[PDB]
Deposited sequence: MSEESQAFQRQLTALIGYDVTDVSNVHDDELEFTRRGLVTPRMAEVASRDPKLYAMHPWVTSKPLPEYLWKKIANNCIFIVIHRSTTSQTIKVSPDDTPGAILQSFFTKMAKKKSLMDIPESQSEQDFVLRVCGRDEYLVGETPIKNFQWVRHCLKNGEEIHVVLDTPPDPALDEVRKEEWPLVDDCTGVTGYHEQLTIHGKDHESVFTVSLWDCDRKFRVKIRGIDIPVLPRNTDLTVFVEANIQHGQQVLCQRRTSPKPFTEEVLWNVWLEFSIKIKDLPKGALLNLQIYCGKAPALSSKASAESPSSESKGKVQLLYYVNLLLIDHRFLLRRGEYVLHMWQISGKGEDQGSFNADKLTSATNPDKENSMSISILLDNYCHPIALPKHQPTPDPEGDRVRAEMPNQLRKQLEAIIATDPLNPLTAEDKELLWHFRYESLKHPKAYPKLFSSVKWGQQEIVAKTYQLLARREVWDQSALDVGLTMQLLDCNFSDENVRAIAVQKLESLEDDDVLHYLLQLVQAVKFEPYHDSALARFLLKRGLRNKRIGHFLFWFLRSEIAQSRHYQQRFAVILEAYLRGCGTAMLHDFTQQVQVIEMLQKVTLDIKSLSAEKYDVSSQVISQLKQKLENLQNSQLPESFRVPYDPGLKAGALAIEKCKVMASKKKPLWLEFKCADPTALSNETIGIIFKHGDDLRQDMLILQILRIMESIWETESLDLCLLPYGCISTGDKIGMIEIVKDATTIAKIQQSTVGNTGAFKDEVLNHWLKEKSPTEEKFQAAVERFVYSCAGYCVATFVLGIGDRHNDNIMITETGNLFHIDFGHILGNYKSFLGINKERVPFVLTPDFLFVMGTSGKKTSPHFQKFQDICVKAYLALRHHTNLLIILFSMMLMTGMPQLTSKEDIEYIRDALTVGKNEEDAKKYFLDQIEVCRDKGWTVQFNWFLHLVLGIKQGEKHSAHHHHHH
């Protein structure tokens, strides 16, 4: 390597948080093979992308402009203000106008083709052949009733984006020699055995055990486990799962490797423990900690890898099967039915998941017929993209390259707008890939290199996992390094600044938790310290500026120390606020961010993101439920940052405001509070207006996910009437619709107001509109559970959501069912709200 070539990797490693060159936690070369694998897709994409558009990353959408935003223009005319030094002219514009089309208009109307229309305050540009109606920023503006302010400045230089110059029939069998652990201790000497399983996509193909022996730090068997599957019947991506019961430890090994070579020889694998089903169990990675872990020792010794129409009534039997949720499990009679009629099943795209689950992948001949089936793909290829189907075929139930590859094929037609919607879940879905290199891994790579916004979020999502997942940090690290090597020095520089900032801040956050009561209230001595230490960074540490990781358009400047604090929580998160480093920004409002250690924010991200998906699903049907999914990025182990929504108050505090007698609750306060924060009667009804939708919004969403049973503290509202929930870190009620809410709406205990009619009316559309994507939500959710929560019941836990969405019912029985939830609120008022801790001591 070149000397300076090695100062780079060094750079890359500290941007990643893992050393992708290290080879001390491998027993083969699949990861290095995969660094090399991706060089071609990396370069292929770097080469093909437009320098000048990649530079500006215009945020754009082909979707139609929703009905609700259409009424927001009663004139087929849009007002775009333009700024240059002092003065600023305003220009009438048409929804269909174009950036070029108005730079030209601007010059004409003025008593040249080498500038650009940027936004004030942001690195967000209005550039390229898009209708102005189709720029995200513009659609966001019309929503909130804000003028569209744009500065005329010169395009950024593609030079800065430059990328550094790239330089038998034998039954299979396995010999278990022994296990070994440095220190077992627990209590009683329960016997112990191994469980050797041959798995494909969680499907078990075969199973064997060893004579149970009482637990001792060393245990030797020398035993050959004689499997039933034939060496030649082994399918690609087939794991030898090895397990230790007394379930204490597990480890995996791909039996067929990354060059289609059957595995062979001695292996000494270091096993993972079990914390007092989920995707960590599937990992091909071994435990880096070779000092404390249990160890299994094994030996392989065993290469290649080369008409008629249905009756009228089975057809119906089949169509029934195909017409059922992603969970409703298949019986052998189902499975044999889908298979005998592979070809009729193939004419229906929605059958595909179920159909490829009906494959016996422990048989060369039947896998072989499957690929023939995949060959003749005319009908799948033609179909519209169902992100649901696509995702179901990427989950843990499929471990065949070819199945998975045809799903990723289907993603290719997603525009960035949508890639951003599903990016997080796709990145988590990489966990279910048998092999480090993969269609999906290469697709995520392509799309981040093609679009700086996707590149940005892709970086954090990957860095988030590497940082806190030993099971997958290796595989993800290889993919990030892949990314980082083609994003350009422009971006590499932003990531370096961002990584600096957050690391300094995370120092400050933990040092503050250590110095404070186990929970009780911030001392004055903390307020001193916190402000003191921030100033101690504000000088010659904190970089000048940095992109806000949850909003990469926004560049934070210097801290506003006066406005910083430690939050009186229980953990001690930081309430930090920054000046905006952009002078062009037509405001003085700071950029608030919270920094928390002690909550696993990955759950929060996952939830915030589903929330976004919901908001776009209602977009498809012309509905706007005014959610407020604030930004929240996970950065490390139980540690990350959070956006501060401006001018929002907890509902707890608006109640607790008036005495706040631990729980004496009054129905009047909210509506009063709104008028206080509303100077004119005008802006008030607009607040009541929003509340209705915002409230309606969260009632539906919150219920569906089964996180609707929450305390006051964790629900906030803006001075401007937007209600929202927070803190989605992990008798009853369906959701929170307290009498104080209903008061704003007009009701007061088993009555009906004009606005409450409205409320119900909204909720029902919203509930119905979501059921139009039942499949989508069931798959997103269940994937959430496997890759995001603790170890879950791969039946019991997920089952809730099916019920919530009232699967297998008509719209009436379902609308009814929801209205009944509305009622269980009006029957319990404050009771569990009041019950929300009456427990304290």
**Prompt:** What residue ranges of the deposited sequence are absent from the coordinates?
**Reply:** 112 to 124, 181 to 214, 294 to 317, 348 to 354, 381 to 382, 387 to 401, 826 to 838, 950 to 966
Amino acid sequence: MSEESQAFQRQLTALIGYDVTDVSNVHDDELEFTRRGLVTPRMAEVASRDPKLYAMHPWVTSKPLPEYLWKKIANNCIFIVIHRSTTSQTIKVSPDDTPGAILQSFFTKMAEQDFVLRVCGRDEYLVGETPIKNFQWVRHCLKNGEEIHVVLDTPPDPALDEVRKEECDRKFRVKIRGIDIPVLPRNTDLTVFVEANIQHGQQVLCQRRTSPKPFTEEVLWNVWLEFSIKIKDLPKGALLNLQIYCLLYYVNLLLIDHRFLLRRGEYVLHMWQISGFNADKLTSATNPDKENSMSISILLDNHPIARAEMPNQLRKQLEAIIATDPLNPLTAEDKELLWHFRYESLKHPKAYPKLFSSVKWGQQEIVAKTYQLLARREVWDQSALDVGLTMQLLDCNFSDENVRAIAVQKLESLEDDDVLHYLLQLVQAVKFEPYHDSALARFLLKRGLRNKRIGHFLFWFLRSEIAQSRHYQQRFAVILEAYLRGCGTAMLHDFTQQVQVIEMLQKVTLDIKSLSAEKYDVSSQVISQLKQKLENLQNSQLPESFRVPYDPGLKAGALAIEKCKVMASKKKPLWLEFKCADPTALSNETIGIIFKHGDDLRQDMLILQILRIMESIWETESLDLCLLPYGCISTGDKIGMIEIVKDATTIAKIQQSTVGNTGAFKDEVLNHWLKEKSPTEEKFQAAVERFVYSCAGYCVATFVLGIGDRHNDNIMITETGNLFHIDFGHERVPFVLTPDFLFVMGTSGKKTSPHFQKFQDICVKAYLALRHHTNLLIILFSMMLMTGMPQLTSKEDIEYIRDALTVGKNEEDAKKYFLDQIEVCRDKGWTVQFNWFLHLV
From here on, numbers count along this sequence of modelled residues.
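Note that the rigid core is defined as the largest set of C-alphas that superpose within 1.5 Å between two forms.
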**Between stretches 146 to 154 and 209 to 217, more displaced by Cα RMS in 8 other deposited structures of this protein (rigid core superposition)** = 209 to 217
**Fill in**
Between 402 to 410 and 530 to 538, greater root mean square CA displacement in 8 other deposited structures of this protein relative to the shown form, after rigid core superposition, belongs to 530 to 538
**Message:** In a third or more of the other compared PDB entries with flanking residues modelled, does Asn187 go missing?
**Reply:** yes
**Cross-entry absence of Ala111, a third or more of other PDB entries** = yes
